[PDB]
Amino acid sequence: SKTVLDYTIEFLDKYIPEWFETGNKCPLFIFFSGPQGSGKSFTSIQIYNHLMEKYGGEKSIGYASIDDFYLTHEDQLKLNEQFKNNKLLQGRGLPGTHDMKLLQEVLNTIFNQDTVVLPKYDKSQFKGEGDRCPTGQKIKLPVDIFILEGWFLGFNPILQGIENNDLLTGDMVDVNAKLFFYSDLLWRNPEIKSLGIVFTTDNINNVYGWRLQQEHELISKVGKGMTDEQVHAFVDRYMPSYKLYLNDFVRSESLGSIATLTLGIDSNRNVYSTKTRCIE
């Protein structure tokens, strides 16, 4: 049976060459989006390698996880107080906890030396609170293909009647405002041409399961991790976002400006359905 990888490679091996046949010198972005635990991270990494091997020296390939752009430990502390009463913004995690100014600059440089520098993060820092690495990564300019991945890529801010939406309340109000900067800068940015890989599942509560598994394995290995109660508390921080944006995002099939591949997977990460939308 075909895995998510099989479908993804199939989709990209058709569309990437078709993009190059256009002669476009601007970068081609490739966005990977999927709930935490869906395996989208591993899949994006596999594609990175796939492209590195296929095009190797004839094309410049870049890769980054949106979390590579988390705020410096210090700035997150600043963010904590700034939104002292918003529990969703305390600590790295939700939209608004990333360094947008830095992302803005990188994008600027890309669409502009011989290399551009992207940040790298270290989550083990400050007893697990995390901090930015003293040294990131360097990508050769111009960039031909740029792979970016995150669990909320493609989500769009609620723009109208934000006081009537029941899901959009409390701490989510600021999160929604924060989400704007990513959307505006990336998947809603008219200058960005891209292919999208979307992972969705039959039940969103699969996310709890997937993280409960991950943590149980860590504990059985080093006797340290969150209690199930804490794992629930952890995931609960992301559920509001899922409930608010996942539907429009996935149903819209437009993470990619050129084409989008949507994959539906079950608890065992098994594919039950596939769909490719090529923006008409």
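One-based numbering along the sequence shown. Basis for what follows: all heavy atoms, side chains included, without hydrogens, waters or symmetry-related copies.
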Minimum heavy-atom distance [X]-[Y], with the two atoms named:
X	Y	result
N80	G91	OD1-N, 2.8 Å
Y242	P35	OH-CA, 3.3 Å
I110	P27	CG2-CG, 3.5 Å
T260	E253	OG1-O, 3.8 Å
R237	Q90	NH1-O, 3.4 Å
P95	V175	CD-CG1, 3.8 Å

Main-chain N/O of [Y] paired to [X] side chain as donor or acceptor, under 3.5 Å:
X	Y	answer
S194	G256	no
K178	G96	no
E215	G225	no
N268	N270	no
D99	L71	no
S60	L141	no
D171	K87	yes
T3	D6	yes

* Structure fact -> The single option from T169, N176, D174, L168 that satisfies side chain to side chain contact (heavy atoms under 4.5 Å, CB included) with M172 is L168

Residue pair [X] / [Y], side-chain heavy-atom distance below 4.5 Å:
X	Y	result
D202	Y272	yes
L148	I30	no
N165	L244	yes
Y238	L88	no
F152	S33	no
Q76	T97	yes
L263	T8	yes
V4	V271	yes

* To do: Could you walk me through whether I16 and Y55 pass the side chain to side chain contact (heavy atoms under 4.5 Å, CB included) test, one step at a time?
  => CA-CA 11 Å; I16 286 176; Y55 300 93; 3.6 Å; yes

Centres of the [X] and [Y] rings: under 6.0 Å?
X	Y	value
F11	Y15	yes
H98	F69	no
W187	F29	no
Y182	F155	no

Would one find more than 12 heavy atoms of other residues, nucleotides or ligands at under 6.0 Å from atom [atom1] of [X]?
X	atom1	value
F42	CZ	no
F181	CZ	no
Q125	CD	yes

Are [X] and [Y] close enough for a salt bridge, meaning some N to O gap below 4.0 Å?
X	Y	answer
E10	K2	yes
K14	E18	yes
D68	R132	no

* To do: Not counting sequence neighbours, list each pair that qualifies as a ring pair (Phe, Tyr, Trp, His ring centres under 6.0 Å) and has a residue in residues 194-224.
  => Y208-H232

Taking atom [atom1] of [X] and atom [atom2] of [Y], what is their separation to the nearest 0.5 Å?
X	Y	atom1	atom2	answer
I147	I45	CD1	CD1	8.0 Å
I145	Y48	CD1	OH	11.0 Å
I47	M52	CD1	CE	13.0 Å
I197	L153	CD1	CG	12.0 Å
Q213	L218	CD	CG	12.5 Å
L103	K101	CG	NZ	12.5 Å

* **salt bridge (charged side-chain N to carboxylate O under 4.0 Å, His left out) assessment of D67 paired with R92** => CA-CA 9 Å; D67 288 343; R92 71 174 194 264; over 6 Å; no

* Are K59 and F20 in a cation-pi contact, defined as NZ or CZ under 6.0 Å from the six-membered ring centre and within 45° of the axis? -> yes

* Could you check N189 against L186 for side chain to side chain contact (heavy atoms under 4.5 Å, CB included), going step by step and ending with a plain yes or no? => CA-CA 5 Å; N189 176 175; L186 303 164; 5.7 Å; no

* Under 4.5 Å side-chain linkage, directly or through intermediates, the cluster mates of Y121 -> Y70

Would you please say whether a donor-acceptor pair under 3.5 Å links the side chains of [X] and [Y]?
X	Y	answer
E149	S65	yes
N112	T109	no
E105	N108	no
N156	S183	no

* To do: Check the pair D13, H50 against side chain to side chain contact (heavy atoms under 4.5 Å, CB included), reporting the backbone distance first and the verdict last.
  => CA-CA 10 Å; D13 278 359; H50 179 71; 3.1 Å; yes

Hey, any chance [X] and [Y] share a hydrophobic cluster, counting ILVMFWY side chains that come within less than 4.5 Å of each other, even indirectly?
X	Y	answer
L167	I204	yes
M226	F126	no
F146	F111	yes

* Asked: Step by step, would you call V116 with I139 a side chain to side chain contact (heavy atoms under 4.5 Å, CB included)?
  -> CA-CA 5 Å; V116 57; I139 302 176; 3.9 Å; yes

